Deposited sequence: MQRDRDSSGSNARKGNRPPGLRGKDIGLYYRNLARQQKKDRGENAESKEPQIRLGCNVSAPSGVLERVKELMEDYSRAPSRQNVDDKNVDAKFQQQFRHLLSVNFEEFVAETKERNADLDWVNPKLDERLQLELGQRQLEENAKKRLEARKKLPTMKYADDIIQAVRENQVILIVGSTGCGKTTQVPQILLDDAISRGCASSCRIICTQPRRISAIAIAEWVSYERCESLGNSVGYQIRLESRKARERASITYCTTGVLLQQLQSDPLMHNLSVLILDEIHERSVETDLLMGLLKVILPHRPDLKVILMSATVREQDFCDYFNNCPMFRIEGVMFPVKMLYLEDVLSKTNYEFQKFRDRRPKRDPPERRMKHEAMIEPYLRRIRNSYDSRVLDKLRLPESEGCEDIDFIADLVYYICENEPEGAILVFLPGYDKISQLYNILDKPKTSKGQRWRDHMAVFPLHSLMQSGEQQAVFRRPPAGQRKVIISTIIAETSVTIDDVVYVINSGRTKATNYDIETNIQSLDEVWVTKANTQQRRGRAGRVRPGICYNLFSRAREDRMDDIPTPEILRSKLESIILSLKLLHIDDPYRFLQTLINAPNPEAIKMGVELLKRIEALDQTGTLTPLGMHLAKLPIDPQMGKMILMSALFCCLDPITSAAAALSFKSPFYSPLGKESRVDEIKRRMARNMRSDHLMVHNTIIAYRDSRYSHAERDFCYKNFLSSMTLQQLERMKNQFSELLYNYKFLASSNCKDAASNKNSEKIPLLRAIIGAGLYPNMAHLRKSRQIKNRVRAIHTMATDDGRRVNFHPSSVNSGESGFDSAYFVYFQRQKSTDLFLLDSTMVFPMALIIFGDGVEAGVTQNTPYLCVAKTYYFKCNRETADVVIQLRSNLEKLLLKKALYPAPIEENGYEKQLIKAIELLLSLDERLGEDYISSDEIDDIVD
């Protein structure tokens, strides 16, 4: 057991800390307390009874409006722009089943609609179910909710379904997203929303009494929210006989949802797309005639799969080609000069259209971009100036432009080098050729060793099936699969359903507001039950941050954390920021970890965006504090009317920056309504009196990211110029390093040796994707595992019983006493939410902490 630096405090400081704590100790309307004990007092049976009478607006309908809408419905049926927008509607496959669906919804609680892309189930089925109730004279009783996996989906489908009715947005069709809503009318309505929005509207309406039909769509992607909702529907529907809900899916393992609902009726409806011809590796090399020129069991493990297949079709391709499939180099994207030649192939033959190339990640997207842009080969020189190459990646701006979606200049063909982002999220219309390497990346979490890893793996058959349809949106296309058909048969059906890949601490908490107290029993109900060990780890963390007691029941703090749209750890961090008057920078850090970072990473300027993140970090050695600095600079550029030049100079997305600002202001209102803030402005002066005390911020950042700590021990000089080598290990002993995109990557001369992080990930090394340098005094205050004693013959104070620091008994005795009242303050404030009076008893304890943390300020 080794000892760290000294964390003792001067006499005059402790004398004042003891003064403030003694001052805080002699102190003597909670509607929330009545709320918190009432949820625990009820069991499920009275829980269901109380919410039915609380949410009963749909028990009333208005006939004066029923008949009014019924008479106006087809007054439009007689005009010739309606009655001209409906024959085009009845050229969509779903309208042919319209009457059968009206029947199937009437006699079944749940139905399933399975349909390929282009059928228009999303666009039509809500209209069909709405127009039926209207013409029957039941319009005011019909309220339709239709979930979508992504935001961009929920809007564009709401905009076009609206124009199909000759109405502007918000009359009969509306959308409701996080931070954004153009909501439709109250009744006789269609509302497209994100799955997440419905899940939070559940805590006030847990058994869906404010809707008449629910439409879950793209459940085939098996996102966490869709499988959660279907598990939650099995609890709700026994108590809601009149609730209709129909599931929507593509043609990937559709029977799973039919089985999950006891063989509910399933509608398989037509597809409307152009035929896409599908080649494979044996078919591509048969036309291209490329060959590869420039490990101990791979050669025979591919031998074990392919030549059982090579000798199958022995007389179906030339044997010069079948030797080309014994190579482990032939399938995937190992030889990118092969994909390069395949692109040059498509340019000569195979007439007009765009090429979309699916490569696993940023690394191999760059290699062909450079091969295509500055080619070393003769035939590459010929095609260079007649290709318009757009690389597509979530960390690149091309996806937020108009160019990649527009058709290329005359005499040039557009080539898109993308990740899987172009599979469902981003869609390009003029694509007619797809080169699917079959290789992508994914994160797997090892539950046994607690390491997240990003690994290059093979694509599913579901992803390959989805990428085929990308080329068939405008004309007959071709999809080039760079892997043998034998490889396809070892490929899994669908990607690992992500409920088996997530940390569940947020979902365990969310379920407590819905009176689902046993997460082992409930999560076993889902289509694919999560590992019970991953459930225990969620419970154990929630117990550590004390959102639950040791019995498992949820605490008054846990209820607030369950009510904030953010993971419970930083939800607690946002909460601490209100107590400590640094709302603006901490909410920027929490909003930036919950969603994306604003910085683009355009190809070739890797070095330039390293220098610019360091400039906006302002030497504060924090990837989280630097994003707030970026928001401060982004705000100032709007006051300066220099927004565009600022975002260009500095490689930021104006789109995500504004989304970060909207979520921060969302955190402000929610705490203000929870009686934690006197004002709903994240920039208000009272909530920000400490917003530039930098040791104050790392303490609150550490309070949220604890216990993800790491200690640095070494630093290099010889013999470069800037970047240093770090021997640094997390608290578990595992040696790690700053991720190169992190601000602290390769830096030297840190004021402190200890760091906190949000995410550690293994790709090339154990990397910390983000880090803020913290001080031992801050960790000891807010962390746990704090004991005082002697070891060599040396007085110490430890944190997590991992990091032991020298300090005398005089300071250790009071910070232990300071931790005890900080804990009894937080519990009272969660039970009786009120903002801290600036000249009150509680502020004295706050100032006692500001004083101890101020001792680590820059000299």
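- Taking the first deposited residue as 1, the stretches without any C-alpha atom are 1-51, 80-89, 356-364, 930-944.
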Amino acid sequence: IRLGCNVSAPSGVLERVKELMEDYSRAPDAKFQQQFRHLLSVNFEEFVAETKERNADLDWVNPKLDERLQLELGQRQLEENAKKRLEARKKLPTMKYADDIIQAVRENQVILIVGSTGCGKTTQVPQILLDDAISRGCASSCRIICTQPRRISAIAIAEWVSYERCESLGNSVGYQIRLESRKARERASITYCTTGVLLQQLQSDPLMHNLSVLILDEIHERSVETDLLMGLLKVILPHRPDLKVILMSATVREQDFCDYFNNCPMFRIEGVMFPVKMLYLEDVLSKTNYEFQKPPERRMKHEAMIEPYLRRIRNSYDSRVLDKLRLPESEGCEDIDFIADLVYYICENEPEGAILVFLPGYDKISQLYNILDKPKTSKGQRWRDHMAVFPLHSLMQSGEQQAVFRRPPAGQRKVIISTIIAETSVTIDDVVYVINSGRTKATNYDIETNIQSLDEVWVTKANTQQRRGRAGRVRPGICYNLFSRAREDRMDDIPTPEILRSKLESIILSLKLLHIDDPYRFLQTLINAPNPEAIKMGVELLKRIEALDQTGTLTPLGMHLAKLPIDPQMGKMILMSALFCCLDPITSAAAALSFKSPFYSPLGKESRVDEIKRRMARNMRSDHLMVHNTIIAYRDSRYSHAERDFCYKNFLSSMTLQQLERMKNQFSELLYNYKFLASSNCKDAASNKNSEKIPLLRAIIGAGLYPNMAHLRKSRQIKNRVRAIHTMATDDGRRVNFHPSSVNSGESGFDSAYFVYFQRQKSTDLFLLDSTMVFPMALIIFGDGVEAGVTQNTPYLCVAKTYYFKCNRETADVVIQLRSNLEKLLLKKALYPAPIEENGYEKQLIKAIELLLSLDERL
From here on, numbers count along this sequence of modelled residues.
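Under this definition, the rigid core comprises the largest set of C-alpha atoms superposing within 1.5 Å between the forms.
- Farther from the shown form on average, by C-alpha root mean square after a core fit in 9 other deposited structures of this protein, is 68-76, of the stretches 68-76 and 524-532.
- Stretch 77-85 is the one, of 572-580 and 77-85, whose CA positions lie farther from the shown form in 9 other deposited structures of this protein once all structures are superposed by the rigid core.
- Figure legend: residue 295 is marked as unmodelled in at least a third of the other comparable entries of the protein.
- Modelled in this chain, residue 653 is likewise built in all the other compared entries whose models extend past it on both sides, so a third of them omitting it does not occur.
- If you average the C-alpha B-factors over 439-447 and over 224-232, the higher value belongs to 439-447.
- Averaged over CA atoms, B-factors in the entry run higher in 335-343 than in the other of 626-634 and 335-343.
- The residue among 362, 782, 163, 674 whose C-alpha atom has the highest B-factor in the PDB entry is 163.
- In this structure the maximum Cα B-factor among 82, 570, 112, 177 is found at 82.
- Annotation for residue 408: CA B-factor lies in the highest third of the chain's modelled residues.
- In the PDB entry, residue 767 places in the middle third of its chain by CA B-factor.
- Ranked by C-alpha B-factor against the other modelled residues of its chain, residue 322 falls in the highest third.
- For residue 201, the recorded CA temperature factor ranks within the lowest third of the chain's modelled residues.
- Sort the modelled residues of the chain by CA B factor and residue 799 lands in the middle third.
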